[PDB]
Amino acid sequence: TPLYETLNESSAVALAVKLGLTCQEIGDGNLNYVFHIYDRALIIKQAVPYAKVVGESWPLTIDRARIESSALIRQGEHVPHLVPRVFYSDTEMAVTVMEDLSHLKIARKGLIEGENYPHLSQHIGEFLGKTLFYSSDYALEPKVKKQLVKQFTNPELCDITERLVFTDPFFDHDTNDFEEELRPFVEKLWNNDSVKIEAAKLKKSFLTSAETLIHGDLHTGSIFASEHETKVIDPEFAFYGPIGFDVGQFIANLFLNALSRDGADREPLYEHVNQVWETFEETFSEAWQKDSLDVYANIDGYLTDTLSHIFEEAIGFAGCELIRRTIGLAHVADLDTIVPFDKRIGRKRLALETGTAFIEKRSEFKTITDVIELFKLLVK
């Protein structure tokens, strides 16, 4: 007999009980319940099947919970201070029991509120360098890594990213969602064949480049923050993909916040972009020196060319994220809450244009500061 039962606030306290109080459901979306239990505190997250499930949704099994639990556990073996601790998980119940982080704030929300989070990029850069290194062929015996590829195959969730990030914003597809005022600019994109060919190439990398175990959806809404703490949450999109992907998505979301700000307010976000590349690069390099298994690791120029490839892919993926968050199905609050309406349109236009240029020019940039300086000029 099937063990899956949808939890309530009472059921959740019963479960925490049987794994040796007050409870409130505090979830943000409609695809998961998140139960906060207080005595010492705890979070119990449970996936909600299609099916139902209140309100329109993308149809998904509850297998995503197995990916998220196991992804979070793997991340905590390398960066235990940058992810919530997991106390229990169960794939049939689709349950992850984890550390309570409600004394922190979702990074996106704080950034929109004008919080600057001075260590956000230091922490995310460390998260990125260590997670992305330690699950690759550089760090792992290839036989071990090939099994981890099987274990983290993520078809349904990859299908979402393949469509939404890499495909739908580039044609007149039904999932797109944009203001009519934006159409002339959106059609410029659709008729641009050379950027579309490059989008195809970045997609093919996404589809085929099993380089490391990625988070797969590292935006500012998937991170908890305060002045001194950062915690990366919700790796439900985890699978073996290109190292540059998580880096690009994060960097794109820093730039998306910068577009929603004005003038000298933007400067903290530009420092965060510069710092997250800088830190990602030292962290990845330190891990490579100290912990690489291949005979080729210490040949002068090999780490350098590896970093150049990651950088190029990361900028291309960033451009995809910039564009897709502006005109695709899933938007960001940074842009959608800009006031007045005409200013919102103008900044949405600039997201499309800087995304396009990121994609096109990815392999011409030599440093992160090149990326920032191109951005600033395009958004003057």
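Quick note: we count residues from 1 along the sequence shown, nothing fancier.
Student: Give yes or no for this: do at least a third of the other compared entries, each modelling residues before and after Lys52, lack coordinates for it?
Tutor: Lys52: unmodelled in a third or more of the comparison entries.
Student: Go through the other compared entries with residues on either side of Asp63 and state whether a third or more give it no coordinates.
Tutor: Counting only entries that model residues on both sides, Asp63 is resolved in every one of them.
Student: Is there a break between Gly20 and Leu21, and how many deposited residues does it span: none, 1 to 3, 4 to 9, or 10 or more?
Tutor: Per the deposited record, the segment joining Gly20 and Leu21 lacks coordinates for 4 to 9 residues.
Student: I'd like to know the size of any gap between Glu56 and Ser57, counted in deposited residues with no coordinates: none, 1 to 3, 4 to 9, or 10 or more.
Tutor: Missing in between: none.
Student: Output the stretch having the higher mean C-alpha B factor in the entry; the candidates are 199-207 and 70-78.
Tutor: Stretch with the higher mean C-alpha B-factor: 70-78.
Student: Classify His123 as lowest, middle or highest third according to the C-alpha B-factor given in the PDB entry, relative to its own chain.
Tutor: Lowest third of the chain for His123's C-alpha B-factor.
Student: Compare the C-alpha B factor of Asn192 with those of the other modelled residues in its chain, then answer lowest, middle or highest third.
Tutor: It falls in the top third of the chain.
Student: Using the temperature factors of the C-alpha atoms in this entry, rank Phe239 within its chain: lowest, middle or highest third.
Tutor: For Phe239, whose C-alpha B-factor we compare with every modelled residue in the chain, the answer is the lowest third.
Student: Split the chain's modelled residues into thirds by Cα B-factor; is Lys52 in the lowest, middle or highest one?
Tutor: Highest third of the chain for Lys52's C-alpha B-factor.
Student: Could you look up the Cα B-factor of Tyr33 in the entry and say which third of the chain it sits in: lowest, middle or highest?
Tutor: Highest third of the chain for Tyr33's C-alpha B-factor.
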